[PDB]
> 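Structure below; questions to follow.
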Amino acid sequence: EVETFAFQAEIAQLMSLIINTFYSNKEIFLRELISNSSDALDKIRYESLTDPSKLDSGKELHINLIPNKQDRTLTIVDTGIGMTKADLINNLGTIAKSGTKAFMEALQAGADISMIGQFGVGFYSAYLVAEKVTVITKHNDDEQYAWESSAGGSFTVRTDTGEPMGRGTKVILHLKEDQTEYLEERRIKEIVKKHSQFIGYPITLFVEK
Ligand SMILES: COc1ccc(Cl)cc1NC(N)=S
């Protein structure tokens with residue numbers, strides 16, 4: 001059972017800008033997604049200090065980067081706090097509305113796309129390199145969900161029947177045809193070393209068979 005939702009007009013406008021603006025420094029998408037993963041891991045770690053049972057869904061706190069050339073996907077997996085259905089539909093969109101407004105004002109003032117993360121909407125930098133983004137997520141207080149959007153103003157949410165994740169978030173980037181450099185081990189290593197060297201969780205770059 002698949003539910004389809006309209007983005008708020010402001011978020012749709014942000015995604016069109018990210019997809020249509022000429023901007024060569026696309027590699028920042030990975031810094032933004034790793035930063036999001038790190039924040040989600042910080043959140044479950046802090047919550048576990050006062051409620052250790054919050055880690056019953058998994059004690060390991062880590063980030064995995066998984067390229068797949070056959071499917072042309074780059075997957076960023078974290079075992080962070082995860083997202084509820086309400087997060088996916090309502091709460092994140094509310095935060096993203098004000099962040100988008102601010103980011104658009106800054107861009108017109110002369111900022112560039114690489115400061116997107118300062119405005120809380122760095123997730124959408126995924127559309128610099130992905131034609132479709134799928135997000136599988138599991139929060140301790142909710143079911144496992146799959147969120148998906150190819151932009152165009154709408155996204156879907158369904159209950160996920162895939163492999164149970166325990167807790168956390170999987171961002172699956174279905175890469176644009178001309179962005180397959182981000183499936184290359186040496187390219188991902190280069191980007192992580194440049195932008196994410198001090199993230200406080202182990203980042204494992206999987207290699208391909
Ligand atoms: C996975 O969904 C999101 C991820 C990041 C942000 Cl900032 C917002 C959303 N959601 C919306 N409904 S706009």
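Residues take their numbers from the sequence shown, with the count starting at 1. First listed ligand is number 1; within each ligand, the first listed atom is number 1. The figures here come from the full heavy-atom set of this structure, side chains too, leaving out hydrogens, waters and symmetry mates.
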> Side chains of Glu27 and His195 only: does a donor on one sit below 3.5 Å from an acceptor on the other?
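Yes.
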> Can you tell me the protein heavy atom closest to atom 4 (C) of ligand 1 and the distance?
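For atom 4 (C) of ligand 1, the nearest protein heavy atom comes out as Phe123 CD2, 3.4 Å.
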> Given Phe155, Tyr124, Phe119, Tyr145, which one has a non-hydrogen atom that is nearest to atom 13 (S) of ligand 1?
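The option holding the nearest heavy atom is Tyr124.
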> What atoms of ligand 1 come within less than 4.0 Å of a heavy atom belonging to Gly120?
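In order of number, 7 (Cl).
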> Looking only at protein heavy atoms, identify the closest one to atom 2 (O) of ligand 1 and say how far it is in Å.
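Checked against all protein heavy atoms, atom 2 (O) of ligand 1 sits closest to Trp147 NE1, 3.5 Å.
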> Given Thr169, which partner from the list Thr137, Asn36, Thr79 fulfils the side chain to side chain donor-acceptor pair (under 3.5 Å) test?
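Of the listed residues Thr137, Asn36, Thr79, the side chain to side chain donor-acceptor pair (under 3.5 Å) partner of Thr169 is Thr137.
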> Apply ring pair (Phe, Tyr, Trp, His ring centres under 6.0 Å) to the pair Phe29 and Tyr127, showing each step before the final yes or no.
CA-CA 8 Å; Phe29 80 90; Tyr127 289 90; over 10 Å; no
> Is it true that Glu47 and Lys54 make a salt bridge, defined as a side-chain N closer than 4.0 Å to a carboxylate O?
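The answer is yes: the pair qualifies as a salt bridge.
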> How far is atom 12 (N) of ligand 1 from its nearest protein heavy atom, and which residue and atom is that?
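Nearest neighbour among protein heavy atoms for atom 12 (N) of ligand 1, to 0.1 Å: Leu88 O, 2.9 Å.
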> So with a 6.0 Å cut-off around CZ of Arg187, is the heavy-atom count from everything else above 12?
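Counting other residues, nucleotides and ligands, CZ of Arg187 exceeds 12 neighbours.
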